[PDB]
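Included below are structure tokens for two forms of one protein chain, each presented in isolation as structure 1 and structure 2.
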Structure 1
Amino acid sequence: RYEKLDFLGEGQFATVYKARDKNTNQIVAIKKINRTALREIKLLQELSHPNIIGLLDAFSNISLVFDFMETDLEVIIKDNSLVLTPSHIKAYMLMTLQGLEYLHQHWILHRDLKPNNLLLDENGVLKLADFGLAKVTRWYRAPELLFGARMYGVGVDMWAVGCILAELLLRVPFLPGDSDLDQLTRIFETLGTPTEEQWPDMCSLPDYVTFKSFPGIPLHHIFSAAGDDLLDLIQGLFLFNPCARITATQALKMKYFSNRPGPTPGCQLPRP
């Protein structure tokens, strides 16, 4: 029922192809990989937010149809020819946080936030992807997960948002750990080792271990081109206590989003 146009990329997780719609000639992408599946599929079809990937139709052979996107935030970040102005970063952050807020309001965690999961269309609209039921990521992993927490919440997605913000500002991954232990070392060397005051109940985590006491590097020295409003946003996203860490609604109300300059409109966002 769909007209296969091109080959975008393949993997054991999903087989992605570029295709055209046979009802309204709209270019869409298809991910080819049941009563229990329909329960999750109809819930995903019921979701509707401009900054969240839309599930238009499905196919028995597990085939899912979503809107077509040009690139993701990873392609943009790696493009040396592209220049990310403060207004460009603010636009990507506003869209990411607006999409995350919708998911959290509907009790859905992304669980895998990273640049290649924030996709962009021809009109400069960011949409989150890869969050519906499981049928490199260590760099964006929150410290509670690295200490083996089995029960977790919104802080897991919020920490990853801070890592994406830091990657837009530095143009390289913020904390590129070589292992789960090195990831915790990089977090503590950079942000400081948390105390029982900063993170109460840290010692009760399943894989809790005592690290060397690091003072940390002041956020203003790390992000030398950031203003005080942006430094406050970064500080809230990287609080050690998962309960104290800023939520998507709290982040959207920060003075950063209401201050000048404003976000770059979609049509003016850089395209590769």
Structure 2
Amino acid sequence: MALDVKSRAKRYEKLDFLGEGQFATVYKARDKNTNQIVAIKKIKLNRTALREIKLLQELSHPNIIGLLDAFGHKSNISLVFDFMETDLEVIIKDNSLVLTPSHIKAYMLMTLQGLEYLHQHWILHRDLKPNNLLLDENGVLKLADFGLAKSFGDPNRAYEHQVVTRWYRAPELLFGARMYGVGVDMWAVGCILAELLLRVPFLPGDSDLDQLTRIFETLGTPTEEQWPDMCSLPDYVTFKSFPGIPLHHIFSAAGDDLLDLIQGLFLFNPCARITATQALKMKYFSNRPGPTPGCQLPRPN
């Protein structure tokens, strides 16, 4: 809209290009108004899109990214976020970094406190994956992105990187469910935990059928008893029956406390899948070792 987006915002001054995403070009800028540093996502081109932008501005939580401003004229709109040093994806992929139990517990704690707030305010992230868990210089993790750019943007023609979103995608979504809830985010959270523990993607499927295959050969083929009404899913498909791999054989260093969390995040029935509040009350987070304070979490140099 002309009257709901500012056309100009002269207060931002570009510094350096950061990188190409699927739906945006991101770059580094200084707000001349506060001397602060920001990242601006530039999106090429709608009542709903503006409502989504406004809502995420109105959110306030330590582990949710700040969307600080929005501006743009005709074929473009630009979103101004808190500048974040790194993310869980570069942390995971960095061979120089050692991931202790305390490191992993901290990343999870912060993620789940973010989700809890979102889900408390009746909002689904819908796009959780490592590169959307951002990390500031002081070790604060923030949920970011929210697929805002996807929601209304033309695709980025210069995006050369691998599209990975299906790896974090819950089975009710792969089987075409039209109604869904917090289980969507909880499942991704489990896949992210798995990727912190294994340092590689847990279920890297290369198509939607191969993703379901991978899910079932790893976690087992579910029955309508574990998952009532599964076979009424729109795109439901019958697979080779698989027994699954015991979680303790996958996660060979995990204690019963962490395996309990992982099982809860990966329950097939999306009604039974553990919620963010329940996850945070699990013995895993009251148990030693306790989580690493932000200032001691490993930084990629």
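For the two forms, the rigid core is made up of the largest set of C-alpha atoms that agree within 1.5 Å on superposition. One-based numbering along structure 1's sequence throughout.
After superposition on the rigid core, the single residue among 69, 47, 219, 41 whose C-alpha moves by 2 Å or more between the two structures is 41. Once the two forms are overlaid on the core, residue 11 shows a Cα shift of 4.3 Å between the two structures. Once the core of the two forms is superposed, the Cα of residue 119 has moved 0.3 Å between the two structures.
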